[PDB]
Amino acid sequence: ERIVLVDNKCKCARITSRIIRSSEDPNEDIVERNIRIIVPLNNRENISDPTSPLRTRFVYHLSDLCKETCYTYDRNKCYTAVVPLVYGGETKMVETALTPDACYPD
Amino acid sequence: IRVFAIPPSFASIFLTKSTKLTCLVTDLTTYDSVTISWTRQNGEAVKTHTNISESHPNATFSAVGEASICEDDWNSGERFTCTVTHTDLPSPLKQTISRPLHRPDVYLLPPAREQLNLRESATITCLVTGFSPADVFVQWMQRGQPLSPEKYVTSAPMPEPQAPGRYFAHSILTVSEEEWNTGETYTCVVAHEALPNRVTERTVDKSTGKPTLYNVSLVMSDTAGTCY
Amino acid sequence: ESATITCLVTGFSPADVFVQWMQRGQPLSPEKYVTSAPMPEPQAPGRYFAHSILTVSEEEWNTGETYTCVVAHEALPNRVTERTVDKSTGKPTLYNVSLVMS
Ligand SMILES: *[C@@H]1O[C@H](CO)[C@@H](O[C@@H]2O[C@H](CO)[C@@H](O)[C@H](O)[C@H]2NC(C)=O)[C@H](O)[C@H]1NC(C)=O
Ligand SMILES: *[C@@H]1O[C@H](CO)[C@@H](O)[C@H](O)[C@H]1NC(C)=O
Ligand SMILES: *[C@@H]1O[C@H](CO)[C@@H](O)[C@H](O)[C@H]1NC(C)=O
Ligand SMILES: *[C@@H]1O[C@H](CO)[C@@H](O)[C@H](O)[C@H]1NC(C)=O
């Protein structure tokens, strides 16, 4: 019976405007919008940049996500950044894997 | 011998993607095999009326037609006339009609709570706060298929109080009370000239109505990277 | 920027109605509200309908304004009925917030 209005994965939100029938008598049925949000509490400010500050503030204006300052890594998407590496004095760029679990070659 | 001409209305072409053309010259006596013309001043061809009886039983009829013009002709804005001759007036009678913008404002409102409380019927209205020009058309949808004409009524435009240049209207559908009680969504597809797709569709349902309860869980977890 | 209020009138067989708006108990200017002609109801031709659209500033509607409506018509027991709406005219809309900290 749930109608999942929004499932934005950056600003994790699961607004479900599920209708609930009231008791045995209809015509007073209640409508409820369950904004289930999972604040990460640990993700960095610029989530793709690990060296950025920590998120001490989480704005969830529901108007924007109904229709970006990304917070939570999406399952399918891979967030990564280049890293410097030194082995014998050579500084070689290479891509990283900030979410290795979902970033296997597929 | 009333003489009048019906200009093509863009409201009509959005409904059927076709142009129906017939001039209107009423209150003329009986004429056998009536044949009337339609020639814009720069020389379009002549066409007679169709699907109109040449002599109605009442003897006070209107037998005069318009040539089938494409929508591009009215997009051009050229002039147009029906020239009518009959026994009553040998002198031909000619009348000239032509078309003389802002994004339409189309947001509807749901039924009141007390309407559903009465448990008799319900009223859903496709209010339009403002549009330009005046011409506009409203049609109601259900389950993606057109609704019957008898249910919905469309009101003519009125000038906006603070923006007399802007014009507003409304349409009403008297739907059953119990039908609205269940989750059946409707769309009041309107038709306006000043639109990108030339047609606007907006829908509502009980799920779109006023909510009461909000049990936002707003979970806070150290599990940060993965969503849910 | 603005607020639109529609006063639904439904079911006057005499087909004669005159709507007004009395905001804070005094009638408002006629030009503010515009009413529709009494065309027959779809469900029952004997019945008719009309609206009244009062455009007002959004902030004013957001600050405790009654925006009362009246209907002058014969069949009513006192010949007049009044209705009004504000922020809280609807149902209470209790919240159910939860805040898990696991
Ligand atoms: C900081 O956030 C910005 C976006 O707000 C991002 O910067 C760019 O992200 C794209 C995405 O692939 C990269 O290709 C660019 O190289 C980034 N910019 C620069 C200057 O490198 C990114 O999320 C964050 N920036 C960095 C450097 O990680
Ligand atoms: C919302 O209220 C209902 C009772 O109406 C209750 O069962 C439910 O647990 C509440 N939601 C919460 C606490 O998230
Ligand atoms: C919100 O309330 C409904 C009751 O209608 C309940 O079924 C649902 O589980 C609640 N939300 C959560 C996250 O438990
Ligand atoms: C909270 O939600 C509603 C509103 O007060 C109430 O009916 C319900 O029993 C409450 N439940 C919890 C777990 O707080």
# chains A, B, ... in the order shown; residues from 1 in each chain; ligands from 1
>>> interface_residues(of="chain C", to="chain B", cutoff="6 Å", atoms="only C-alpha atoms", output="number ranges by chain")
C: 32, 42, 93-102
>>> residues_around(residues="residue 70 in chain B", least_positions_apart="2", cutoff="9 Å", atoms="only C-alpha atoms", output="number ranges by chain")
B: 18-19, 68, 72-74
>>> residues_near_ligand(ligand="ligand 1", cutoff="8 Å", atoms="only C-alpha atoms and all ligand atoms", output="PDB file with C-alpha atoms, in the first residue's frame")
ATOM      1  CA  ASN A  46      32.828  16.335   0.215  1.00  0.00           C
ATOM      2  CA  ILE A  47      31.955  12.653   0.286  1.00  0.00           C
ATOM      3  CA  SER A  48      34.024  11.901  -2.817  1.00  0.00           C
ATOM      4  CA  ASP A  49      37.017  13.629  -1.176  1.00  0.00           C
ATOM      5  CA  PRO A  50      37.973  11.688   1.985  1.00  0.00           C
ATOM      6  CA  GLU A  68      24.277  18.233  -5.382  1.00  0.00           C
ATOM      7  CA  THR A  69      25.500  18.114  -1.768  1.00  0.00           C
ATOM      8  CA  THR A  80      36.401   7.520  -6.074  1.00  0.00           C
ATOM      9  CA  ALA A  81      39.261   9.984  -6.424  1.00  0.00           C
TER      10      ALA A  81
END
>>> select_by_dssp(residues="range 23-98 of chain C", states="alpha helix (DSSP H)", output="list in words")
residues 58, 59, 60 and 61 of chain C
>>> interface_residues(of="chain A", to="chain C", cutoff="12 Å", atoms="only C-alpha atoms", output="list in words")
residues 28, 29, 30, 31, 32, 33, 34, 35, 36, 37, 38, 39, 40 and 41 of chain A
>>> write_last_selection(atoms="N, CA and C atoms", output="CSV table (one decimal), in the first residue's frame")
chain,number,residue,atom,x,y,z
A,28,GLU,N,-12.9,8.8,7.0
A,28,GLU,CA,-11.9,9.6,7.9
A,28,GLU,C,-10.5,9.0,7.8
A,29,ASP,N,-10.2,8.3,6.6
A,29,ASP,CA,-8.9,7.6,6.4
A,29,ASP,C,-7.8,8.6,6.6
A,30,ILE,N,-6.8,8.3,7.3
A,30,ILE,CA,-5.6,9.1,7.5
A,30,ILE,C,-4.5,8.9,6.4
A,31,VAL,N,-3.9,9.9,5.9
A,31,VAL,CA,-2.8,9.8,5.0
A,31,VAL,C,-1.5,10.3,5.8
A,32,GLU,N,-0.5,9.5,5.6
A,32,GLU,CA,0.7,9.7,6.3
A,32,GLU,C,1.9,9.7,5.4
A,33,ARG,N,2.9,10.6,5.6
A,33,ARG,CA,4.1,10.7,4.8
A,33,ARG,C,5.3,10.3,5.7
A,34,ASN,N,5.8,9.1,5.5
A,34,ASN,CA,6.8,8.6,6.4
A,34,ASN,C,8.2,8.9,5.8
A,35,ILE,N,8.8,10.0,6.2
A,35,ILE,CA,10.1,10.5,5.7
A,35,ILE,C,11.2,9.8,6.5
A,36,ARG,N,11.5,8.6,6.0
A,36,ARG,CA,12.6,7.8,6.7
A,36,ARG,C,13.9,8.2,6.1
A,37,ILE,N,14.7,8.8,7.0
A,37,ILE,CA,16.0,9.4,6.6
A,37,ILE,C,17.1,8.6,7.4
A,38,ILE,N,18.2,8.3,6.7
A,38,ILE,CA,19.3,7.6,7.4
A,38,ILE,C,20.5,8.6,7.3
A,39,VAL,N,20.7,9.4,8.3
A,39,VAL,CA,21.8,10.3,8.3
A,39,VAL,C,23.1,9.5,8.6
A,40,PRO,N,24.2,9.8,7.8
A,40,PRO,CA,25.3,8.9,7.9
A,40,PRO,C,26.2,9.0,9.2
A,41,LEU,N,26.2,10.2,9.8
A,41,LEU,CA,26.9,10.5,11.0
A,41,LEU,C,28.5,10.4,10.9
>>> select_by_dssp(residues="range 117-214 of chain B", states="strand (DSSP E)", output="ChimeraX atom specification")
/B:121-125,128-132,137-142,145-146,152-154,158-159,167-169,171-176,186-191,199-200,203-204
>>> residues_around(residues="residue 62 in chain C", least_positions_apart="4", cutoff="12 Å", atoms="only C-alpha atoms", output="number ranges by chain")
C: 1-3, 56-58, 66-67, 85-88
>>> closest_residue(among="B:183, B:196, B:110, B:8", to="chain A", atoms="only C-alpha atoms")
B:183
>>> decode(residues="range 28-50 of chain A", atoms="N, CA, C and O atoms", output="short mmCIF file (atom, residue, chain, number, x, y, z; two decimals), in the first residue's frame")
data_model
loop_
_atom_site.label_atom_id
_atom_site.label_comp_id
_atom_site.auth_asym_id
_atom_site.auth_seq_id
_atom_site.Cartn_x
_atom_site.Cartn_y
_atom_site.Cartn_z
N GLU A 28 -12.86 8.84 7.04
CA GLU A 28 -11.90 9.57 7.86
C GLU A 28 -10.51 8.96 7.75
O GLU A 28 -9.70 9.08 8.68
N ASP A 29 -10.22 8.30 6.63
CA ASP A 29 -8.93 7.64 6.44
C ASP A 29 -7.80 8.65 6.56
O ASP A 29 -7.87 9.75 6.02
N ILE A 30 -6.75 8.26 7.27
CA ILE A 30 -5.60 9.13 7.49
C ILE A 30 -4.54 8.86 6.44
O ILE A 30 -4.28 7.71 6.06
N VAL A 31 -3.93 9.93 5.95
CA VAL A 31 -2.81 9.85 5.02
C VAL A 31 -1.55 10.27 5.77
O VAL A 31 -1.54 11.24 6.51
N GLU A 32 -0.48 9.50 5.57
CA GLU A 32 0.75 9.72 6.33
C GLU A 32 1.94 9.68 5.39
O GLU A 32 2.01 8.82 4.51
N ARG A 33 2.88 10.60 5.60
CA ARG A 33 4.10 10.71 4.79
C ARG A 33 5.28 10.34 5.68
O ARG A 33 5.71 11.13 6.52
N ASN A 34 5.81 9.13 5.48
CA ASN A 34 6.85 8.60 6.36
C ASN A 34 8.21 8.95 5.78
O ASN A 34 8.74 8.23 4.93
N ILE A 35 8.79 10.05 6.25
CA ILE A 35 10.08 10.50 5.74
C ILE A 35 11.18 9.77 6.49
O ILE A 35 11.72 10.28 7.48
N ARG A 36 11.53 8.57 6.04
CA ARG A 36 12.57 7.78 6.68
C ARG A 36 13.93 8.21 6.14
O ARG A 36 14.25 7.96 4.98
N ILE A 37 14.74 8.83 7.00
CA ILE A 37 16.04 9.36 6.63
C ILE A 37 17.11 8.65 7.43
O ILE A 37 16.98 8.44 8.64
N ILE A 38 18.19 8.27 6.74
CA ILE A 38 19.34 7.64 7.39
C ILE A 38 20.53 8.58 7.29
O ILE A 38 21.29 8.54 6.32
N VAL A 39 20.70 9.43 8.30
CA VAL A 39 21.83 10.35 8.34
C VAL A 39 23.10 9.52 8.56
O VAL A 39 23.09 8.61 9.41
N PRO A 40 24.19 9.77 7.84
CA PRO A 40 25.34 8.86 7.92
C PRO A 40 26.15 9.01 9.20
O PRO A 40 26.75 8.02 9.64
N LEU A 41 26.24 10.21 9.76
CA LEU A 41 26.94 10.47 11.02
C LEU A 41 28.45 10.35 10.92
O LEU A 41 29.16 10.72 11.86
N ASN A 42 28.97 9.86 9.79
CA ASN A 42 30.41 9.66 9.65
C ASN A 42 30.96 10.07 8.29
O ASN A 42 32.18 10.21 8.16
N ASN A 43 30.11 10.26 7.29
CA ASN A 43 30.60 10.60 5.97
C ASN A 43 31.23 11.99 5.98
O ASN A 43 30.85 12.88 6.74
N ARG A 44 32.22 12.17 5.11
CA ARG A 44 32.95 13.42 5.02
C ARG A 44 32.09 14.48 4.33
O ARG A 44 31.06 14.19 3.72
N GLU A 45 32.54 15.73 4.43
CA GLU A 45 31.80 16.85 3.84
C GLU A 45 31.67 16.66 2.34
O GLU A 45 30.56 16.50 1.82
N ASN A 46 32.79 16.68 1.63
CA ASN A 46 32.83 16.33 0.21
C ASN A 46 33.03 14.83 0.13
O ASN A 46 34.16 14.34 0.16
N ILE A 47 31.92 14.09 0.02
CA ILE A 47 31.96 12.65 0.29
C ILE A 47 32.92 11.95 -0.66
O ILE A 47 33.52 10.92 -0.32
N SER A 48 33.07 12.48 -1.88
CA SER A 48 34.02 11.90 -2.82
C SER A 48 35.46 12.24 -2.46
O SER A 48 36.38 11.57 -2.94
N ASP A 49 35.68 13.26 -1.63
CA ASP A 49 37.02 13.63 -1.18
C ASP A 49 37.18 13.22 0.29
O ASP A 49 36.65 13.91 1.17
N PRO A 50 37.89 12.13 0.58
CA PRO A 50 37.97 11.69 1.99
C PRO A 50 38.60 12.71 2.91
O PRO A 50 38.28 12.73 4.11
#
